[PDB]
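Here the structure comes first, spelled out in structure tokens, and everything after it is commentary.
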Amino acid sequence: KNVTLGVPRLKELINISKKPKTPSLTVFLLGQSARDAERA
Amino acid sequence: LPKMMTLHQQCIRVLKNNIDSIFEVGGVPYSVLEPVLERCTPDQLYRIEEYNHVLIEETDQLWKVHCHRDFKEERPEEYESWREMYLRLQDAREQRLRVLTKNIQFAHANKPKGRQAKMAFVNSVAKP
Amino acid sequence: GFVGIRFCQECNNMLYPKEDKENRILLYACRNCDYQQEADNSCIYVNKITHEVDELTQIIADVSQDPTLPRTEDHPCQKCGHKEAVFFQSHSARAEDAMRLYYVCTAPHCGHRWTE
Amino acid sequence: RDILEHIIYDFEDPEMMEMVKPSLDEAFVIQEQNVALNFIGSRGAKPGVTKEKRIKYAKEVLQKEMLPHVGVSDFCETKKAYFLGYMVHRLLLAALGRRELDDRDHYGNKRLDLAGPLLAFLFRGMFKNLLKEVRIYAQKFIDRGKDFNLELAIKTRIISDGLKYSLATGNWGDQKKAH
Amino acid sequence: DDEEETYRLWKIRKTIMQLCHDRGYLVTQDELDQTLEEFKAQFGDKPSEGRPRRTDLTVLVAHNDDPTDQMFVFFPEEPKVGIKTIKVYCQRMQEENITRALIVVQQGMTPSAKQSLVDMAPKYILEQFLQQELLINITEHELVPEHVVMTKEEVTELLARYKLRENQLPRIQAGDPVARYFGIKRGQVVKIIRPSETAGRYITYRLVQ
Amino acid sequence: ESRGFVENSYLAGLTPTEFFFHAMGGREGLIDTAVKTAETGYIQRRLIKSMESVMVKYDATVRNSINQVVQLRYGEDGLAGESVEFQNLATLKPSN
Amino acid sequence: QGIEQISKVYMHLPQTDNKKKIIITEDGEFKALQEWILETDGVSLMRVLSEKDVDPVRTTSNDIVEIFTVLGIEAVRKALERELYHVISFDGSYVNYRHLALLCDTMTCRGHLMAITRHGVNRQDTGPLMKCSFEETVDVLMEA
Amino acid sequence: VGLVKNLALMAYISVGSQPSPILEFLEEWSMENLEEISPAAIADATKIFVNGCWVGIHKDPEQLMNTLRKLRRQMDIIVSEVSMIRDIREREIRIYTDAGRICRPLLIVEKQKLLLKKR
Amino acid sequence: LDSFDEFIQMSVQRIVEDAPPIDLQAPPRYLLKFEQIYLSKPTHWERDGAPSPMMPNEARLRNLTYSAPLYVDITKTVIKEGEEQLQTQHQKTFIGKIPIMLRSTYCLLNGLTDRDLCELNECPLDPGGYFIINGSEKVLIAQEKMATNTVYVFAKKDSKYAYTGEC
DNA sequence: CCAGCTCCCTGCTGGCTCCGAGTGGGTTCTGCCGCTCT
RNA sequence: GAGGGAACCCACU
DNA sequence: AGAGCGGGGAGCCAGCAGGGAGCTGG
Ligand SMILES: [Zn+2]
Ligand SMILES: [Zn+2]
């Protein structure tokens, strides 16, 4: 993951940017899907 | 060097590092001397052949490896061994280069005229 | 396989694919002049999306004369048995996924290029 | 065939053919030199109303102003065509990934204008200005009069004060165009 | 596929009825926690065949304090929604004297249909919902704190306590997803309860603008 | 060695390639300082002008110049930040 | 297959407690559970949330605008606080919570995302003199 | 920072030269002009650029570069500040005589030996 | 010093040559052609008008510009109707003053030993390489530019072009 | 039956405004050379 | 007991 | 004759063309 931090991310935060440099999600899984790697 | 070498290989690798050390081969046949002479350059072959003349008629095929590396567009004509062809073309190319140098120096500096600024010493009153 | 440009002869322009339904076959026709020609290969256009696995055919033998290239004597030439060979990685944009080494024989008049 | 011979040097290379196919397809509707010169002159700085004026303007752009280094004289168009085809070939090589892109920060792609070239640029502009003012003065004294004195025609203030101004201020150009 | 569309319909119905319970409508505990198997048993298995039909999926609920205050949830079969479907739905609302409805669309509504909704909003309140929006309950997300719609007496007591005007409160848009969830109109105030790093609990108030 | 690993110490002294690569590395830090100053200063100016009139009022609420409520209590607890300290909750972590 | 806006998905099993599933056991301790979590290179948060076996509670984006359009203004206030805290505390630096909370409350007080820019600040109900003090002085005074 | 630079001590910026001697030498050192060749010969030959002008092609680029280096090293037809680059992989020889090229003197090494001797 | 010497010896004359001759018609035709430049050593003319060899310390102290007069040879041909061409040879016509780089070829300190420089109140360790403009020492900072006549292919980002070749 | 024509969504292109704070010191240029008229 | 501005360049933290 | 004076990027916004429902009309 190449997530941007520091001053460019602060600029992307306080300026509400419709085009962030590295947009991303953190997807969490429910149940057994989170426990084994194959169904993940 | 994680390598084992027998006496042939030891002598020819040492001699393959210092070809330049050879003045006179003594009485070694070319078939023994075949490796160190193939990793070599034509001026050193001329040195070896003009100190060790008896090798000359043996080394001619070797010169082919040089000729197709230095005169790759060429082929021998008949009654032309590769050594004499390489020396004839080598000296012809050096003479062509020397004639071109003596042309494009004479016909570019002495023959034509180029224009540049000359010193005035006028001290003109045109700017008073 | 790839398809190349087939050229007209009357005006030396480009031939475009077309069909005839009377003969019901494929022909390359010139549409600057009125030239037509029956097409040899049925393949009109081909993608090569994952057909970049080869890089040996773009290598030339002249890189044996490059003094900045690494030389090895542990990879003898298969075609002529010369002990020395230059090796280098691929210089393409397809080389981001591979640090694969290619070898070129440094003996003149041979120019044999291989891989590993 | 001639255009692709100027662009693609090995005709046994199919991917270069594949990438030059769209340009050939786009420019098929023009098939003559004069029609292409008309198409060029239609997009000029000021498109002339006369088609022959557009032909002259397009020829002047393609000869005098298109790649002056390979050739600017008349009938030097094959060298210009080989150079333009080499540019297109380099573009296709970069497109294939067969050649690496050039680096702006690579310092062999840079030249250093020292005092020589910079002063030459200045003196070229100011000698053009001096010839312009000499032309105006002599035009005035051949229009109403008959003769002009050449020593009074030349304004030495142009070259002198322009070099002095550009070296004194550092603004490399003209005094009225310092911004 | 019939199975994934049945799962979609069950999730939409569960989120709708969680919304109706959150809006104060009387929705019994039996039909909040309706499992996928119970939804399959009551409605069907093959929506493309038509055992669960979207027209049969219409939900009628009544509000807790006022049993005559009822609201519909309609499920159009067509992916878009035009003026004709709106006219049919509001005719059903008129003949069943009901002034509130939710419309769960698949793809969207036409701009003319949204214009019809905002034109008839003085008489009948009709809410647009995408099925994509309703596939989860956004109020159960960890980022979304607790929203409570305030009564008018609570709003007047709030403004009397803090000596405020309505425009001095923080704002929430009427098109906000939680605002659309709770079905709140302009002028209402939402009390937001959230945890606090410093105080433990913090209550914000947001006027609908 | 080719790609910029300096195997020497500052006491030992750098090889010429290591010296040039170290200069390449330090130029990055100089550039980062010089080009980050302006963007950071613009960020500070924009942050100040967005919040300069936000203040704690006498009813202990936090309001801007329009007298709109930003926070009902400052920091949601009404406390100044120059007297709060790091402490530990004793009943959060241990088991029942 | 998949969702159009998401180019790449990076699976990983986190070894740190920052992105784990903390649970309270039957004995009553906080136990960290290592569970597989995904990252994306694009943002299509609503479709991901709607997907099967994806946690519709803890799944979040780093995109402020889509969090605002999907979950609302208080959720984007909390997301803004979390992302600002991440930027600040990447270095181990600590800023007191009230300053971050005040910045996020300023940016989310009027129901939408008010950017810290002239297009956020100079469109409020503040006076013309404050707006011309910030930026676009002549334009603001002509509008006034 | 980075925009204003300084010269190294032995760096010398080239002053410029006329391409005419190099062009004449290339014309009668077996380089064929662009005007007199069919394009089919360009595929296997080496393009020759003089100040960025494609002037012809050569069939034997290695001995041509050896000859050009020999001419420059003895201060013949080619003057010392002329740069000659053989792009071996791309089959190009670029000769630059123009001003503004920054260069530096280097000792010449032939067969792992300096040509600088004790004499 | 090398760039200034190349500019003075070669570039000024080449610029004068590449300038086209002036053809002027009302009618009488006048063709003006600038032929050969002449550059003197840096001389000063006072209000009296007597030339003097102007020294660099004199230029620095008196706030003079250390410049040399640039003369040129001009030919004016007259083309009338029913008349032959008429030649006027205006030899060594003053057209301005070129500021001179210190210790260059056309500077007055050129070729002088250290003793001669000390007798002229000049520092022999002083490198030259600068001009004296109104008594102020001015150095020309070298300017980087992209190389000419070379094909450079880049990839323009966030544009309609995937790749672009530039010359 | 079915062709006809008007008014809100999206998208592209152009304008438009922003780009750290505070200090020293310097040089140059403003403010120009043809006049028409006595 | 205090009569220019502007532009540019260098430098400082 | 000679003194004095007129003549680079990066990211917002709105304004246009293209679409695509949908009422009135035959
Ligand atoms: Zn044809
Ligand atoms: Zn081999």
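Here is a list: C:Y28, C:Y45. Which entry is within 16 Å of ligand 1 (Cβ to nearest atom) and more than 14 Å from chain H (Cβ to nearest Cβ)?
Numbers: C:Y45 fails: within 16 Å of ligand 1 (Cβ to nearest atom).
Every option except C:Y28 fails the conditions.
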Evaluation of B:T101 against (1) touching a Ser or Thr at 6+ places or on another chain (Cβ under 7 Å); (2) among the β-branched types (V, I, T); (3) not in a loop (DSSP other than H, G, I, E, B) (one fails), failing number: (1)
Positions within region E:30-62 being touching a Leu at 6+ places or on another chain (Cβ under 7 Å) and either farther than 19 Å from E:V104 by Cβ or assigned to a strand (DSSP E or B) (or both), in sequence order: E:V61, E:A62
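Which residue is nearest to ligand 1 (Cβ to nearest atom), if the candidates are limited to region C:106-115 and must be over 14 Å from C:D54 (Cβ atoms) and under 20 Å from the mean Cα position of the chain (by Cα)? Reasoning before the result, please.
Applying the first criterion (over 14 Å from C:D54 (Cβ atoms)) to region C:106-115 yields C:106-112.
Okay, now just the ones that are also under 20 Å from the mean Cα position of the chain (by Cα), so C:110-112.
Details: C:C110: 44, C:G111: 39, C:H112: 42 Å.
Out of the qualifying residues, it is C:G111.
Can you name the residue in region C:57-104 that is of a type in the set (S, T, N, Q) and within 14 Å of chain D (Cβ to nearest Cβ) and is also surrounded by the fewest Cβ atoms within 10 Å (Cβ to Cβ) among such residues?
My answer is C:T57.
Name the one entry in D:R98, D:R90 that is surrounded by 18 or more Cβ atoms within 10 Å (Cβ to Cβ), basic (K, R) and in contact with a helix residue (DSSP H, G or I) (Cβ under 8 Å, 6 or more places away or on another chain).
D:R98
Among the candidates F:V70, F:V35, single out the residue that is out of contact with any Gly (no Cβ under 9 Å at 6 or more places or on another chain) and part of a helix (DSSP H, G or I). Steps first, answer last, please.
Values: F:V70 fails: part of a helix (DSSP H, G or I).
Checking each option against the conditions leaves just F:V35.
What are the residues in region C:105-116 that are within 9 Å of ligand 2 (Cβ to nearest atom) and either within 14 Å of chain D (Cβ to nearest Cβ) or polar (S, T, N, Q) (or both), if any? If you could, list the steps in order and put the result at the bottom.
The initial filter retains those residues of region C:105-116 that are within 9 Å of ligand 2 (Cβ to nearest atom), namely C:105-107, C:109-112.
Listed by number, the list holds a single entry, C:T106.
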Every residue from region A:31-40 that is at the interface with chain G (Cβ under 7 Å from one of its Cβ atoms) and under 22 Å from G:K8 (Cβ atoms): A:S33, A:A34, A:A37, A:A40
Selection count, region C:28-48, where residues are of a type in the set (D, E) and in a loop (DSSP other than H, G, I, E, B): 2
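Does C:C11 count as within 30 Å of H:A45 (Cα to Cα), within 13 Å of another protein chain (Cβ to nearest Cβ) and within 16 Å of ligand 2 (Cβ to nearest atom)? Break it down into steps so the answer makes sense when it comes.
Values: within 30 Å of H:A45 (Cα to Cα): yes; within 13 Å of another protein chain (Cβ to nearest Cβ): yes; within 16 Å of ligand 2 (Cβ to nearest atom): no.
The answer is no for C:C11.
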Tally, over region A:7-30, of residues that are in a loop (DSSP other than H, G, I, E, B) and facing chain G (nearest Cβ under 8 Å): 9
Verdict on C:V53 being away from DNA strand J (no atom under 16 Å from the Cβ) and within 12 Å of another protein chain (Cβ to nearest Cβ): no
Candidate set from region G:106-116 (those that are β-branched (V, I, T) and either surrounded by fewer than 17 Cβ atoms within 10 Å (Cβ to Cβ) or within 14 Å of chain E (Cβ to nearest Cβ) (or both)); member that is nearest to RNA strand K (Cβ to nearest atom): G:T106
Unique match (being more than 16 Å from ligand 1 (Cβ to nearest atom), more than 26 Å from the chain's Cα centre (by Cα) and more than 13 Å from chain H (Cβ to nearest Cβ)) among I:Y163, I:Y130: I:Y163
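Please verify whether D:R99 is within 14 Å of chain C (Cβ to nearest Cβ) and either touching a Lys or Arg at 6+ places or on another chain (Cβ under 6 Å) or of a type outside the set (A, V, I, L, M) (or both), treating the condition exactly as stated. Can you show your working first?
Details: within 14 Å of chain C (Cβ to nearest Cβ): yes; either touching a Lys or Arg at 6+ places or on another chain (Cβ under 6 Å) or of a type outside the set (A, V, I, L, M) (or both): yes.
For D:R99, the condition - within 14 Å of chain C (Cβ to nearest Cβ) and either touching a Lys or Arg at 6+ places or on another chain (Cβ under 6 Å) or of a type outside the set (A, V, I, L, M) (or both) - is met.
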Criterion (surrounded by fewer than 16 Cβ atoms within 10 Å (Cβ to Cβ) and of a type in the set (V, I, T)) met by exactly one of E:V208, E:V144, E:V148, E:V155: E:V148
Residue within region D:92-106 that is under 23 Å from the mean Cα position of the chain (by Cα), basic (K, R) and over 30 Å from I:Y30 (Cα atoms) present: yes
Strands (runs of 3 or more DSSP E) contained entirely in region I:1-77, each with at least 1 residues that are under 19 Å from I:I95 (Cβ atoms) and within 11 Å of chain D (Cβ to nearest Cβ): I:22-25, I:29-39
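Hey, does region G:81-102 have a residue that's over 22 Å from A:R35 (Cβ atoms) and touching a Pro at 6+ places or on another chain (Cβ under 9 Å)?
Of region G:81-102, the ones over 22 Å from A:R35 (Cβ atoms) are G:81-102.
Those still in the list that are touching a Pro at 6+ places or on another chain (Cβ under 9 Å) too: none.
No, region G:81-102 has no match at all.
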Filter result (over 14 Å from the mean Cα position of the chain (by Cα) and over 26 Å from B:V25 (Cβ atoms)) within region B:49-79: B:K72, B:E73, B:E74, B:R75, B:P76, B:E77, B:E78, B:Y79
Members of region I:92-147 that are charged (D, E, K, R), under 17 Å from D:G162 (Cα atoms) and more than 16 Å from RNA strand K (Cβ to nearest atom): I:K97
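In the set G:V95, G:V9, which member is touching a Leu at 6+ places or on another chain (Cβ under 6 Å) and of a type in the set (A, V, I, L, M, F, W, C)? Let's see the steps before the verdict.
Details: G:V95 fails: touching a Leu at 6+ places or on another chain (Cβ under 6 Å).
Just a single option satisfies the conditions, and that option is G:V9.
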Count of region G:34-48 residues which are in contact with a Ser or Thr (Cβ under 6 Å, 6 or more places away or on another chain) and either acidic (D, E) or within 7 Å of chain E (Cβ to nearest Cβ) (or both): 2
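Please determine, by comparing only the residues of region C:84-104 that are part of a loop (DSSP other than H, G, I, E, B) and in contact with a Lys or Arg (Cβ under 9 Å, 6 or more places away or on another chain), which one is farthest from ligand 2 (Cβ to nearest atom).
If we filter region C:84-104 for residues that are part of a loop (DSSP other than H, G, I, E, B), which is where we start, we get C:84, C:90-92, C:98-100.
Checking the rest, the ones that are also in contact with a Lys or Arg (Cβ under 9 Å, 6 or more places away or on another chain) come to C:84, C:90-92.
Working: C:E84: 9, C:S90: 20, C:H91: 21, C:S92: 24 Å.
Within region C:84-104, the match that is farthest from ligand 2 (Cβ to nearest atom) is C:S92.
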Total residues in region E:100-132, condition surrounded by fewer than 17 Cβ atoms within 10 Å (Cβ to Cβ), within 16 Å of DNA strand L (Cβ to nearest atom), outside any loop (DSSP other than H, G, I, E, B) and among the β-branched types (V, I, T): 1
Subset of region G:88-98 [part of a helix (DSSP H, G or I) and either under 16 Å from the mean Cα position of the chain (by Cα) or among the β-branched types (V, I, T) (or both)]: G:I88, G:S89, G:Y97
Subset of region E:158-205 [surrounded by fewer than 15 Cβ atoms within 10 Å (Cβ to Cβ) and acidic (D, E)]: E:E166
Top-ranked residue in region D:159-176 [being under 10 Å from I:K97 (Cα atoms) and within 7 Å of another protein chain (Cβ to nearest Cβ); ranked as nearest to DNA strand J (Cβ to nearest atom)]: D:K164
Condition met for H:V82 (within 10 Å of the chain's Cα centre (by Cα), away from chain I (no Cβ under 13 Å) and crowded, with 18+ Cβ neighbours inside 10 Å): yes
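Positions of Cβ are backbone-derived with ideal geometry, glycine not excepted, and every protein chain shown enters the neighbour counts. Throughout, read-outs are computed from the coordinates displayed, never taken from laboratory work.
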